[PDB]
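Next comes just one chain, in structure tokens: the form deposited in one PDB entry.
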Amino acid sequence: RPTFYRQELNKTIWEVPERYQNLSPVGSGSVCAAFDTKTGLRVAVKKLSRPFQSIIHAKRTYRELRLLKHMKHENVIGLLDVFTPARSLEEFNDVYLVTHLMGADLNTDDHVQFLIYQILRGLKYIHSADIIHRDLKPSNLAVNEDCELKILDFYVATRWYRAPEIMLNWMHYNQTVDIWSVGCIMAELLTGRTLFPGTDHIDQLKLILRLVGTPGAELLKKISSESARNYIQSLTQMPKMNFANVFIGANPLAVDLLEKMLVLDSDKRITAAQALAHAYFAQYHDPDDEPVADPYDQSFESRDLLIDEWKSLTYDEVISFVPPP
């Protein structure tokens, strides 16, 4: 057990071990940039805000610790450390998570290729563990000075990058909701503007369909909701736009990848693994250096437990933590 010290910063209190110095607020849980004396590197420290306030929070606290302890990939946030000032379960009420500080977020063709390749390389990994991100957006992509990128989950509206099947309230969405978001991000990097800046879920849907066109009969037959159908079919029919004409000036391979990512029917969207093998990333692609994840146990997601049970499970995960070499 190391020596802890207390400090108040931006209304929040921070009790962290001696090893972490020069705590500097970065976002408000609440995140601080800091210096790690044991390793010599800059770190990001997240203090969980009200971890065990409700069952929803307690399960979220557990889910985040479990997720971060599992992620071991260059393009995904990983845990350097996890600590609590608490010396027993009884005293346990605060969680701090430590990771590498990248320094900035996401908000040249070679630049875009490298940035998207990294997002896709990290998404191939998370999708392999049967995890869906569901909120990929520029603010959730951390970038260092070497232009190295990590996916995380930390104002820019979420709905701007959300797959149309989520806006339309479909419960059965798949992993490709994240490829949609990648398409949106890649477009924004290429042109310098938000592909679909909707003001609400209705407007957002109208903006998407303006580009990709209104659903064909094959997709319309897959929509069970009379309300989702009676809305979409009640809109003035729109054809699919020519992407070469909307993304005029861009590398034709980037336009071709955009067409494969931004397909309305999610069953027809390119996966992260297929996108990695697209001609656009020929300069980066190496199937021997795009690893998959170890099996991830997410059976807990289906459980309905008490705050104290989620709390005790989180505590054990803090105790069992083994730092990387």
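Residue numbers run from 1 along the displayed sequence. In this text, the rigid core denotes the largest set of C-alpha atoms whose superposition between the two forms falls within 1.5 Å.
Modelled in this chain, residue 155 is nonetheless absent from a third or more of the other compared entries whose models extend past it on both sides.
In this entry, residue 28 and residue 29 are separated by 1 to 3 residues of the deposited sequence that lack coordinates.
Per the record, residue 107 and residue 108 are separated by 4 to 9 deposited residues that are missing from the model. When the two stretches 249-257 and 74-82 are set side by side, the higher mean Cα temperature factor goes to 249-257. On average the C-alpha atoms of 90-98 have higher B-factors than those of the other stretch, with 180-188 and 90-98 being the two compared.
When the C-alpha B factors of 265, 64, 288, 294 are read from the deposited coordinates, the top value falls at 288.
Per the PDB entry, 234 shows the highest C-alpha temperature factor of the residues 140, 234, 128, 118.
In the deposited entry, the Cα temperature factor of residue 14 places it in the highest third of its chain's modelled residues. Ranked against the other modelled residues of its chain, the C-alpha B-factor of residue 299 as given in the entry falls in the middle third. Ranked by C-alpha B-factor against the other modelled residues of its chain, residue 226 falls in the highest third.
When all modelled residues of the chain are sorted by CA temperature factor, residue 210 is found within the middle third. Sort the chain's modelled residues by C-alpha temperature factor and residue 22 lands in the highest third, per the entry.
Below, we refer to the form deposited in another entry, which is not included among the displayed structures.
Put the two forms on the same core and the Cα of residue 313 is off by less than 2 Å between the shown form and the other one.
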